[PDB]
Structure formats: C-alpha cells, structure tokens
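Student: Can you read through this structure? Questions will come right after.
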Amino acid sequence: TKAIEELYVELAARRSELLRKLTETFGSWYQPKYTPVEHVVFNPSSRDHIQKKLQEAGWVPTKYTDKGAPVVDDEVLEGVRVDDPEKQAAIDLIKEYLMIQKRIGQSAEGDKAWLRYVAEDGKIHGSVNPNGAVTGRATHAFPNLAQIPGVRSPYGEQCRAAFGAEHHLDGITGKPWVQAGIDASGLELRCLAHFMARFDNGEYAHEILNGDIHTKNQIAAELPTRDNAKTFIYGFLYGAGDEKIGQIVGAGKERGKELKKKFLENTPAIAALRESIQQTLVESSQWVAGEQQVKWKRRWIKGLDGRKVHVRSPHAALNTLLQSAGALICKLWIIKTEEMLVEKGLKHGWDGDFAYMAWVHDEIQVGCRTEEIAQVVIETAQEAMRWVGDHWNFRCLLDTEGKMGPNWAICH
Amino acid sequence: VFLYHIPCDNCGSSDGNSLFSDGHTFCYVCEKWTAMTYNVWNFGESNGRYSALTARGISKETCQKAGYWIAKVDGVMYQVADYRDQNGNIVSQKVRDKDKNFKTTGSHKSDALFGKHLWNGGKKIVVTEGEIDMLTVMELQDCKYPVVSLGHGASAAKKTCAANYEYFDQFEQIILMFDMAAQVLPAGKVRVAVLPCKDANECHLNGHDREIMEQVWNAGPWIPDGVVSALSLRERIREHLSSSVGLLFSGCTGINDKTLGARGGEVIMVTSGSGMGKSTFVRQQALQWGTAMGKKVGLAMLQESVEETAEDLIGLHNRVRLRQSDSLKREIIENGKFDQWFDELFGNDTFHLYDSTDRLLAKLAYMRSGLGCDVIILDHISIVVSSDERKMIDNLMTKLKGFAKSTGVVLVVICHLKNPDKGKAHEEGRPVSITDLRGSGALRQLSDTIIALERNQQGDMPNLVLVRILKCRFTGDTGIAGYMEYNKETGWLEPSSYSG
Amino acid sequence: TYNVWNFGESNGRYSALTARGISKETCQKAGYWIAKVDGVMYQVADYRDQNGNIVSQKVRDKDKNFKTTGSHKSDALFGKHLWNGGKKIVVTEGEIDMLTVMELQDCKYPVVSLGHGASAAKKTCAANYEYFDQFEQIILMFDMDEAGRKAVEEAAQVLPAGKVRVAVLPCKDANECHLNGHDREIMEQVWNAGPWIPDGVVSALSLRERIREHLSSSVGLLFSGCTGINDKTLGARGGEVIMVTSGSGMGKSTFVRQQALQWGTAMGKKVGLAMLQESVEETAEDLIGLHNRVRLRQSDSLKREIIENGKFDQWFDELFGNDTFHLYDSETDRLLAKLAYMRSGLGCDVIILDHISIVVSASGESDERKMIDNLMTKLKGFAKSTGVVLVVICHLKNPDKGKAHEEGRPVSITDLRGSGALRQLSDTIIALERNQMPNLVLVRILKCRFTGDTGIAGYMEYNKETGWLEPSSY
DNA sequence: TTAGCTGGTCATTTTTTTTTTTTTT
RNA sequence: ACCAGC
Ligand SMILES: Cc1cn([C@H]2C[C@H](O)[C@@H](COP(=O)(O)OP(=O)(O)OP(=O)(O)O)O2)c(=O)[nH]c1=O
Ligand SMILES: Cc1cn([C@H]2C[C@H](O)[C@@H](COP(=O)(O)OP(=O)(O)OP(=O)(O)O)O2)c(=O)[nH]c1=O
Ligand SMILES: Cc1cn([C@H]2C[C@H](O)[C@@H](COP(=O)(O)OP(=O)(O)OP(=O)(O)O)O2)c(=O)[nH]c1=O
Ligand SMILES: [Mg+2]
Ligand SMILES: [Mg+2]
Ligand SMILES: [Mg+2]
Ligand SMILES: [Zn+2]
C-alpha cells in the first residue's frame, strides 16, 4: 500500500502542472450557451476541445471515422504538425496528461480502484469467473487483476512491483516468501499446427519445435519488435482486412496486401482449413448491401471435450475454433499442476508450502515458502503440461517456461 | 453502478449507451445524458451561475458538487456558499463579497459544516478552517475523498467540533489543516500536519502543492500540549551552547572570580543600610556597562527624576563632582564646554531613561521589546509595594522573574533592610545576614545573586566599603568579595589595598 | 400539540413489529400503534392514568424524534394501568423494552416503563413512591451504559429499601438480547437478580483476590548519595509524596536532579520533570556534564571544545538513547492536565514538581491558604488514583529570632512556608541543612508514615569539581 | 464487406476562622 | 468513443 501511495502522491503532482502549463498556451473562449455566452476554458481530458483547438491552429485531419468529426487518439496525435512551434511541444504534454489521468483513475481514484479493495490483512480478493466468455475464457472482475499495465507501458514496473509475493512475511519465522510464474509459449499458434496437421502432413509442427517462432518471424518480416511481430501474426491469422495489418507497421494497403500474400503463399493450408470450416458450418449466406442474411446449418462447434461452443459470426469461426481449444488445455493444466503437488506431499494454503495467487489467460502466479519448493513447482509444471498434451493426443509438443523472483515485475 | 450496454438512439451506435442501476443512461459517442436577513436566496431568483475562479484555480464541477455559486443580484458579483444537513436540504447560506460584508441568512446553527451532506462514510478526513482551502483540497484530490470544513472560524473550535462528536466518530483517522487546536475528539485518532506556508492555497499557487499531498497521506501524530521529549531539543541544546557570556563587574575583581558576572535571565538584588551608597555603585556599574561595552542600558530610577541622574552621569564620567559645586556649574555654562561632555557620552544613544504596579511592567516590556535594551536597572522597590504587603511583593517578584525569564535581560533590583531587633545598627558597622531583607521572605528565594554593601560612617575610615556576596545560585561561593575605597573628590569608588 | 389523536381520524392500525421483534398481540395488549398523518407513517404510544383513561399520546417519527401532544406529567408510566398489585415488577428504561418483556412471558408478570427514561428518573420516581408500596419485589432493568449505571445508582435512593434488585445484561438492553437469541438469560435475571451493592461500600469477605494480587507486585526504588536514607525510609513508593526542603540556595534542586539522574539511568524508569526555576534549555543541559562527571554550564572553555571535536553528539547519544526524560516548561487547572498526560499517556513513574512556591503565588487569589490546601489535596488525590512516585519541592519561612536557616539552623516541622497542611498530606519530609566547612550537608528525616525512625539520617559532601553528592564519614 | 475476447470510464452594613510581616508596651 | 490485458 505504501509503494502505491508514493506513486499516487508522485503523479498527482504532475497532472496539476500539466494543466497549469497548458491552459496558458491554449486560451479560453466564449461559447454560445441577447445571445447568451459563457467563458469556457480548455479541458484536456475532452476530445472535443483538442479537436477544436487543432482545427483553429492549422491542422487538417485527412481521416474521418465519424461522419463530421475526425478521430483523435495516440496514433494521430503523433502524426500531427502545426505552424506554431509552441503547440508542437504542447501536444506531447496533452498526451502525457491523458496517460496520467488514466493511470490515476485506474490505480487510486476510480470506483473500482486498487486502494478500495484492500482487506485488513493487506491482500486483494478479486472475483474470477471461470466461464464468462463464449469461448471458455475466464473473465476477471471486482477488480480486474488481468488489466494492470505491463512493463512496456510508462509507469508499468512501478505498478507491477506493488503486486508482489514478497510482501507476505511468514507467520512463524518472520521471513518473506518467493514467487514462481509459469507461462506457456506459442499456445494458439501451436493449436493451429495441431488442427491443420491433417492437411500439410505435419511439416509445419516441426519448425515451431525447431527454435523460437516469433523471433524468426520477426527476422522474416523485418518488424522492429517481437511484440509487433506477435501482434501482426495473430492479426493476419484471425481474418483481418487490407489496412488493419498494414497499420501495424504504419504503411499502406500495398504493404498490407504483400504481407498477406507472403504469409499466405508460405503454407497453403490456412485457406484449406478455412474452407473446411466454411463447408462444415455454413451452407448459404445471402448478401445485403448493408447487412448479411445467413441460413445456418450448425451454429455450434464441438470442442475438445464435447462442449457446444457457440459461434457469433461466420468470419470469427477460426477464432472460436482456436481460442476455445486453447483455453481448455490451460484449464486442465492448472488443475493437474496441483493434483501432482498435493499427491507429492505438500500443503496448499498460506499455512502450508505454496499458494496460487492469480490466473490470467495464459500464465500462472504461485507463491511458495522456500526456493526448493519453487524448484519443485517449476519442475512439475512441465510434467503437468506434458500430461495435458498426452491425454488428448495432440499432434504437437507442448512446452512452457518459468521464472523465479520476489515480485511480479521480474516474473512477468 | 454500471450494468450493461444498450444500443443508443440519437447517435445510432451499437454498444455506446450504458445503462445504470439508478435509472439513467449515458452514451459515450453522442455524449447525451438522459434521466441578518432570514431569507434563503432562491437559485432561480438570484441568477445563479456556476462560474470558475481563475486567480486561485477551481474547476466548474467542484462548484457544482460543493455548492459554491456566484449570484448576479444588484448588478454585483456575490459568492453564495450553501450549508446543508444530513438529509440533504438547504439550511443556511453565506453571501461573501470583495469587502467581506457577511450576510448569514437562514438558521445558522452552532455545529454547521460545509461538505457534510455528501460524505458520511470513509477512512480518512481532512478538516480545514475556511472554504477556499477546502475547495483546494477537493481540486487536488478530484472531489472524491472526504473533506469537510468549519463554518464559524478558528475561534469556535471548542464549540463546533465538540457538538459534532458522533459524526467524526465514524472515521478512522482525522487529519487537521487549521493553521500553519481542539482535543475533544477521541485520542489515538487525531493527526496534525505542517505546511511551509500560511494555508493550502498559498502552497497550491506557488508550487508546494505536492507538499500538500505528502502531508495528507503521511501526517504525523498529535503531540497534546507544550510538553516535549528529550530528543527534539537536540538542536536547541546546541543553540544555547553557541550563544551566555557574563557581563563583567567593574570597581573590584573579587566579585567576578566567584559570581561569573551577569547573564541572560538574571535578577540581581543589591542592598545595604539606609544611605550607605547603593545608588553610587549601581550608577558606576551602569556607566561601565554603557560607555565601555556598547550594551544598551535602561534605567528606571524612582527616587530622583531624570535630570538629577543625567547630571550625575555627566559629572561622573569626567572624574568630577558636578552637582556638589556651584562654581563649576557657573563655569561650564559660560564657555560652552558642556556639549563636549554631552556628545562624548550620549552620542551612540546607548542610554534610555524613565520619567516617574501593572503599567510599570508594561512600560518595561515596551522598553525591552521596542527600544532594544539589554540591561534594565530599577531602584527602591519599597515605593512600588506602597491590602497585605507580603502578597503584593510576592506577586510583584513573581511577575519580575517571569519577565526576566525567556527574554535574556539582566535585571538589577535595589532593596533596603528592616529595623534590627537588638544589637547595634547596620549603618554603624553591623555585618548583615541573609534574612535581613524587608517586605517578605520571598526576596531571597527568587533572587539569583544577592550583593550587600557595608561601611562605617562614624568609625575611623568612613570611605572603605566591604562587599558581601550572600547568595550565588550559579557557582555557590559566598562571603567577602573584596575591599573598595571611596573617593571624596572624583566620586569613583576604586579597588583598595586593605586586608581585614 | 393539538389534542389526543384518535385512531380513526389518523388511520390507526394495531400490527406487529418485524425489525424490532414484537408480535401484534403484545401491541394489541399495551396500546402501541401506528398512525398515518402528514404522509409519513408515525408511531405512537399511549399513556393512561391509574383508572384507565387516556391522558397523553407520544409520537415518534422514522428518524427518532419525540413529540408530546399535551400535558406531560411525572406520575404517568407506560404500562402501569394494566396491573394493580402483585409480587414482582420489572422496571425498564425506554418504551420498547416493556413490549419486549411482555412478549416473552404471555402477560404473567407486571411490567411498567418510565416516562422520561434515565435523564429525569429521580423526579418520576420520587412522586411515584406510593404506587410501589403495594409490591413485594422490584427488579430494575436499565441500560448497560454509563448513564444507565448512573440512573440505577441514583434512582434506588427514593425507592423503599429491601425490595430493589439490579440485573445485569450482556447486551445493551433487553431488545438486543431478544434479537440475538438470548432469551434464556433475561428470564433468569428477572427471577434471580443481583441484590443490594451500592458503589463505595466493600464487604470484607469478598476481597480475597485483590488482597492476594496486591501483595504480589509497587515496592523498592532506592535513593542515592547516602545509605541512612534507605535505612530509615526504605526508598520511594508508588502513591507517596516526598517533600524536600532547604533554605535559600542550600541545594534543594541539585539533590533532586541527582536522584533523577540515578533513577533515569540506573533503573530505567520514565522520569517527568516540571522545572519552573529555569527554562528547558538549562535543565536538560547540566545532566550531560553531570553524567560525564564535570560541570558543563560553569566553564566557558569546555563548551567551545565540545562544540568543535564533535564529542557533544556522543555525550547526547550515550545519555538520552532511550525515551526516559520528559520535560515541561511554564491558572492551576492545566498543570494537573499536563501531569495526567504524562502519567496516563506517556507512562511516567517518577514525577518531579520543582519549586511549588510559584504555582501558589502566581495565581490571583485573595486567600492563599485555601488555594494551597485545595491544590495539595487534589494533587494527593491524583497521586492516590494513578499511583505514581511524586516528588514535590517547597520552601521554608522566616524564623522569629536567632540564626538564619542558611547558616546551620536546625529546622523544625512547623517551618513549612504557606500553610499547615503541607505536612499533613505529605508522606515523607526530608530536610537538607548546611553551613556557609561549606560542604558538609546533613539530612534530617522529619516525618515518615511507613516506618517510624526520624532524626539525623547522615552526612554528605558536595564536590566543587565534578558535581556529585558523595557520602562522607565525619 | 469486417483481427478477435473481456473490463473500466460518466452525468444532474456586621461575624469566624489559618498564615506572613513589623513598630512598641 | 478512449485506454488497458492475454
Ligand atoms: C498478443 C495476442 C495474443 N493472443 C493469444 C496468443 C496466445 O495464445 C495467448 C497469449 O498470447 P501471448 O502470451 O502474449 O503470446 P505467446 O504465448 O504466443 O508467446 P510467448 O509466451 O513466447 O511470449 O493469446 C491473441 O489472441 N491476440 C493477441 O493480440
Ligand atoms: C559610597 C559612599 C557614598 N557617600 C555619599 C555619596 C552619596 O551621594 C551619599 C548618599 O547618597 P546615596 O548613595 O544616593 O544613598 P543610598 O542610595 O545608599 O540610600 P537611599 O537611596 O535609600 O536614601 O553618600 C559617602 O559619603 N561615603 C561613601 O563611602
Ligand atoms: C549544597 C551545595 C551547593 N553548592 C552550590 C551548587 C549550586 O551552584 C548552588 C546550589 O544549587 P541549587 O540546587 O541550584 O540551589 P537551591 O535549589 O538550594 O536554591 P533555590 O531555593 O533558589 O532553588 O550552590 C555548593 O557550593 N556547596 C554545597 O554544599
Ligand atoms: Mg505465453
Ligand atoms: Mg538611592
Ligand atoms: Mg533550585
Ligand atoms: Zn449516442
């Protein structure tokens, strides 16, 4: 709690400087309420005042999402140029003010903030719905512990360093504990190699096991970062358009077409799998110039354990075929990685040797008493994942990766 | 509270409109929201406009939530602040202007607070004394943490805070921001923080607003009263260590070997028989403190007036006897040599005089604080004590010791002796004891140094005095200090060479 | 305000009470009902006389306000008319408690209620002396609060003795014990209640545990500088007043600061000093050199030398390493509040009150003697209630003839200055005498209440180079 | 003809009795 | 509508 009150008292004395420095630059104006006027001032949190003040300072948007208004976000507040060299520096302060406002409203001032769900013993209890999405993915609520800022966003490490497992001093020796975090690698991208291995005879599920996939994909597609390559590959895979994967590099629809052709002509089995799904589910789709009228044949899909997975739209069928089969292997893995630990001779809970703390969509965070217990957990997670991969006869080879640390900033 | 999304109708969106449990909807795209005087000023009558304050810094939503609205009645600008109750109804108002002409309308109770109608449960509370600091703390914390404020000033702290006792009892930590005090609140719960400016607004308008928010979340505990521990004195014990030098007595060096002079906060009692030369020794000590060390000296002679002691000082510095010679007074008034003696003494205005029991201490306090004197000399305390005289002289000595303490001023006091019971007289050569002081027995308990003079006017040598230290609370050495011989021609009592 | 509200003209209805725990049968029996006037439902209770005629309404809202419709007497009880005798009554405090008790007994024992509560219970019990004479046992059932205990203590005086019994409850009153399922305890407190025990009187038989634990804990706290002082007085104890006297400048403060040093260093007790002869800058300054066996303020050459070499911080750390010294700087009402804050909050065990002659002469009073007596008895009451070692310093007065007290005069016990109750309410009187051999000081124990041996206790010498009080031989 | 799955944000004139000083018979 | 998460 102290390490987040220090953060709140730090960056609550920054948005009270980014408005003082900014209202003297962007002045006030009379706005019509005999003509009744009022003296309204510049509010940077609004996306109308910035739109007006950039409209009357010499900027043309050339991007019209709304029918009479432009779009204003972080990707057009970078590519904006004005004549006055003061406003060119003021726009960066506007973006920093919006970031600080979102940080404050998430951390400490919201209705569902972190400091309004801390119990007497210094712990946060958040509800986790195991089946909240239509594809078997768990949802997190009151508060959401799967939505805190990562280590790549600004003020991210200072927000994840408070959510540690070394803040629990032991009740019998007065010592802090150790945290182990285990993440699966290439989960839905390896489920794809499971599902299409009957088409290309299994010569795609061998390159995934031969070295890292996203690093060599970044090498092959000359993306700047591994995170951008990882965003791009699933953006291409889950049915994008001509522009929404050219926007990842910022280029035009020419590059947005040639990247689709380059990653479609490598393995010509994704289109065959998509045609198989279309021939299995849908039978006829009448076209309307503003809508779509479809006569269905099977609205549901059998999952990995017979569950009728519901399909919302016929172009998200590959999505609800991949992620609904990817969530269930993690859901069995989190069960088996304690069914082996209890049978190994340990004790679950705070008065034992280990305790689960949070389960976000891919990785698990467990906190344990000694480093040898951490090593036992980080060993048996692999055996649990391999038993999951053997129980359902996957054509791939599943594998994870674990880290050890004091808090959830090294164990990300 | 947020429930789910409905499709909006004005903008035609799909998942823009959000429904709530209170019955109202809100769209995030089209931004459309759905659903004295003893006279309370009506909002539709007084032309109520929620304008903002530019020169101090207050947003519009803060004035809409707190109820601090500008009226445009009578062609002028009034600032009406509203007080409410726990049910949320208008009880009283305050109409404030540029001339601060307060017009408190309605039923203004003794326990009214500003901002108690929105905030009833929580953990921490910040209490201020005005309204502008309350709005400043709400601007810093974005109107979401419990802040209340008083309604009768900082002088009704024993009445307003005491009447509201079950209201403040619901909160866990009560933080005060009055002045940079009341104990009626329950103990172990009250925190008081310190800011480098007068209030919170002078910290907000000058860049110290961060130091506001650091004093809210980490406010220190309440020390109850002026008692201190033995660790917070650590610098001041150093500071008094680097201050404390004794003012040396002249005429004899035997005193300074066993008295160490005079220090700050030091009442020194001087006595002898009836007419044995107290005023001569005190006047010589006054001259040697005035013209030789640069200390500003304030006399308060009550026996004689200003002109006598002025002429005696002028005659005494020039090694002569001024008033005891008509020929010298007739001489120095003709040739104009008097200003040569006046300017060499009173050039750097070190001397201040008094022209003759509660107004006298006020005049001494004005002489100490306003003018800046360092050594105050009184004389002949028997007039000031002229009901029961023991109680008067005890209260007088207590007030003089209280004035000398915590100021750092040397205070020289002259007293006499009573009639002896048997034996011979004090003026004929009787050795004086410590319990010979008249008026009470309180003069020897509050005096930090007692000096007595003895001489024999009808003996063989009527100009050889004996100095006797009766009490010394600093060193503890008493007895005969030395011998001094009085001059019949120059008025200078000087260190002699006789041994008894 | 107008008149007695009729139930027809106010839409009355006799129903149950769900959130309180009272059924409709008991409300039908008593006459507690609900009217509908001014839109908001208002509950109303009925007052009757001894005959049975309606004399008053009592109207309560949804926000707990009171409203009397007319003449409100003091001899009117809520629940009195139904019974005209019996062998056992139960008197409550509020008004719902009567319904609570008559709910759980099916109207078998007479239960009455008070018309004012606990604030004006003595007035409504003094005028109701004649109604309780026809009864045999009375069980008072009040709140378990401070006002409830005060009302049950002050209301049992005007009642007849031998019949008033007081019951205790684990709840606030009977209603929370009705709600929380504690219906087995309130039925035993009616039939078997506590007998007479007013506060102030203690039986000699029921005092075994306090006398057992009292001789177990305090005692000790030896003096310093001499042996005969502990041979005669056996140290200083909790709840006593030790009064040290001398003349003028005879060493009445040096001995006390030496004892404070020995009791703050060698034994680890929290010591609270109230020095009024000097400021806080001096009384915390001489302790440094006194612990380092020198005279600090009495030498100007050593002060600069301990400023320069940094040894002053070492001397401050080796003495004040613990929080064992609490100072005070300078009406007579707030000083005892400071002493209560030193005793209850901080936890001091030795409190020194130096130079008392400037807290009785600095206050504006016509008569000094009554102020000295009141201050002394209130200070003794404080030291007896809290039980703290308290040293007080006072002075002597002028002798009638002979020598002076500052030259070796043997002091008597009537030489205490100011009054004659300074020796009647003090528990030990120690006098220090010397003659200016300027350092041979003798100690006279004038009065000891614990032991009996008085007189000459010993001799000491004051060191002019270090500052300690050394024992001598003579 | 479409990257996908979630969460979180917001607005209205005389008596009697202790105690401290100081003349003189 | 904006941000954040996997
Ligand atoms: C980034 C991203 C991942 N996913 C999927 C991919 C995974 O199956 C799951 C979590 O993604 P990640 O854990 O971020 O990626 P990864 O597991 O494939 O790679 P690595 O652990 O080696 O760093 O969610 C999306 O559906 N949309 C997305 O935008
Ligand atoms: C010191 C001294 C003074 N004198 C003279 C000079 C003084 O002016 C004169 C007495 O004048 P003061 O000194 O003024 O007399 P005093 O102050 O002692 O007594 P008090 O004020 O109560 O009346 O005595 C001597 O004859 N022999 C001496 O030794
Ligand atoms: C007892 C004694 C004290 N002294 C010195 C020490 C101190 O400087 C001074 C007495 O110390 P203090 O305790 O300050 O004097 P005091 O308390 O008796 O006086 P007061 O009634 O005004 O409070 O005398 C001796 O020289 N020899 C001694 O035998
Ligand atoms: Mg992963
Ligand atoms: Mg004189
Ligand atoms: Mg003293
Ligand atoms: Zn809309």
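In the structure tokens, the first chain shown is A, the next is B, and so on; residue numbers restart at 1 for each chain, and ligands run from 1 in the order shown.
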So that I can see what lies close to residue A:178, please list as a list in words the residues with an atom at most 8 Å from it, counting only C-alpha atoms (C1' of nucleotides) and leaving out residues fewer than 2 positions away in the same chain.
Tutor: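 Here the qualifying residues turn out to be residues 165, 166, 176, 180, 367, 368, 369, 370, 371, 374, 404, 405, 406 and 407 of chain A.
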Student: Show me, as a ChimeraX atom specification, the residues that have an atom within 12 Å of residue D:23 when counting only C-alpha atoms (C1' of nucleotides), minus same-chain residues fewer than 4 positions from it.
Tutor: /B:418-421
Student: Got a sec: who's within 10 Å of residue D:6, counting only C-alpha atoms (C1' of nucleotides), leaving out chain neighbours fewer than 6 positions off, as a PyMOL selection string?
Tutor: (chain A and resi 132-133+137-141+146-147) or (chain E and resi 5-6)
Student: Could you tell me, counting only C-alpha atoms (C1' of nucleotides) and all ligand atoms, which protein and nucleic acid residues lie no more than 8 Å from ligand 3, written as a VMD selection string?
Tutor: (chain B and resid 444 to 448 472 to 477) or (chain C and resid 246 to 255 277 355 395 434 438 to 441 461 to 464 467)
Student: Can those selected residues be exported to a file as a CSV table (one decimal), in the first residue's frame so that it contains C-alpha atoms?
Tutor:
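Written file, part-v8.csv:
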chain,number,residue,atom,x,y,z
B,444,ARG,CA,15.8,35.9,48.8
B,445,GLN,CA,14.1,32.9,47.2
B,446,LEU,CA,13.7,34.4,43.7
B,447,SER,CA,17.0,36.4,43.6
B,448,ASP,CA,19.8,34.7,41.7
B,472,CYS,CA,25.1,32.8,44.3
B,473,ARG,CA,22.9,30.2,42.6
B,474,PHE,CA,25.4,29.7,39.7
B,475,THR,CA,28.7,29.0,41.5
B,476,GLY,CA,27.9,28.7,45.2
B,477,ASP,CA,30.8,30.8,46.6
C,246,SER,CA,16.0,23.6,52.4
C,247,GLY,CA,16.7,27.3,52.9
C,248,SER,CA,17.7,29.8,50.1
C,249,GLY,CA,20.4,28.4,47.9
C,250,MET,CA,21.1,25.4,50.1
C,251,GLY,CA,21.0,22.7,47.5
C,252,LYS,CA,17.3,21.6,47.2
C,253,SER,CA,17.4,21.2,43.4
C,254,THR,CA,20.9,19.6,43.0
C,255,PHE,CA,19.9,16.7,45.1
C,277,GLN,CA,13.1,27.8,38.2
C,355,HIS,CA,9.6,25.0,43.3
C,395,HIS,CA,10.4,26.3,50.8
C,434,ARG,CA,24.4,23.0,55.8
C,438,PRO,CA,31.0,24.9,53.5
C,439,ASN,CA,30.2,21.5,52.0
C,440,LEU,CA,29.1,19.3,55.0
C,441,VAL,CA,25.4,18.9,54.4
C,461,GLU,CA,29.7,16.4,50.8
C,462,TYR,CA,29.2,18.4,47.6
C,463,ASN,CA,32.1,18.1,45.1
C,464,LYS,CA,33.0,21.5,43.6
C,467,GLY,CA,29.1,17.9,40.9
Student: Taking only C-alpha atoms (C1' of nucleotides) into account, report as an NGL selection string which residues of chain D lie within 12 Å of chain A.
Tutor: :D and (1-10)
Student: Can you pull out every residue within 10 Å of residue B:382, counting only C-alpha atoms (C1' of nucleotides), but drop anything in the same chain fewer than 5 positions away, and send it as a PyMOL selection string?
Tutor: chain B and resi 393+414-416+438-439
Student: Could you write out the selected residues, including N, CA and C atoms, as a CSV table (one decimal), in the first residue's frame?
Tutor:
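This went into result02.csv:
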chain,number,residue,atom,x,y,z
B,393,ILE,N,4.1,42.0,47.3
B,393,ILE,CA,5.6,41.9,47.0
B,393,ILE,C,5.9,40.5,46.4
B,414,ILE,N,17.2,47.0,43.4
B,414,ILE,CA,17.7,47.6,44.7
B,414,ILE,C,16.7,47.5,45.8
B,415,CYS,N,17.1,47.0,46.9
B,415,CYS,CA,16.1,47.0,48.1
B,415,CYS,C,16.9,47.4,49.3
B,416,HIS,N,16.1,47.6,50.4
B,416,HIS,CA,16.6,48.1,51.7
B,416,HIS,C,16.6,47.0,52.7
B,438,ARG,N,13.7,43.2,53.9
B,438,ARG,CA,12.4,43.6,54.4
B,438,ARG,C,11.4,43.4,53.4
B,439,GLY,N,10.1,43.4,53.8
B,439,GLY,CA,9.0,43.3,53.0
B,439,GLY,C,8.3,41.9,53.0
Student: Would you please give, as a PyMOL selection string, all residues of stretch 118-164 of chain A that DSSP assigns to alpha helix (DSSP H) based on the backbone?
Tutor: chain A and resi 157-160
Student: Between atom CA of residue B:116 and atom CA of residue B:148, what is the distance, to one decimal in Å?
Tutor: 6.2 Å
Student: Residues contacting ligand 4 - anything with an atom at most 9 Å away, using only C-alpha atoms (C1' of nucleotides) and all ligand atoms - can you give me those as an NGL selection string?
Tutor: (:A and (182-187 or 361-363 or 400-401)) or (:E and (6))
Student: Write the residues you've just listed into a file as a PDB file, in the first residue's frame, and include C-alpha atoms (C1' of nucleotides) for each of them.
Tutor:
ATOM      1  CA  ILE A 182       4.893 -20.093 -15.363  1.00  0.00           C
ATOM      2  CA  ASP A 183       3.852 -19.081 -18.898  1.00  0.00           C
ATOM      3  CA  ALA A 184       3.040 -21.247 -21.907  1.00  0.00           C
ATOM      4  CA  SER A 185       4.754 -20.455 -25.206  1.00  0.00           C
ATOM      5  CA  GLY A 186       3.048 -20.291 -28.601  1.00  0.00           C
ATOM      6  CA  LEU A 187      -0.290 -21.562 -27.364  1.00  0.00           C
ATOM      7  CA  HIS A 361      -5.414 -16.058 -19.525  1.00  0.00           C
ATOM      8  CA  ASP A 362      -2.055 -17.759 -20.221  1.00  0.00           C
ATOM      9  CA  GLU A 363       0.300 -17.783 -17.225  1.00  0.00           C
ATOM     10  CA  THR A 400       6.199 -23.858 -21.078  1.00  0.00           C
ATOM     11  CA  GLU A 401       8.733 -21.564 -19.395  1.00  0.00           C
TER      12      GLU A 401
ATOM     13  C1'   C E   6      -3.903 -12.081 -22.729  1.00  0.00           C
TER      14        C E   6
END
Student: From the list C:352, C:319, C:456, C:112, which residue is nearest chain B when using only C-alpha atoms?
Tutor: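 Of C:352, C:319, C:456, C:112, the one nearest chain B, counting only C-alpha atoms, is C:319.
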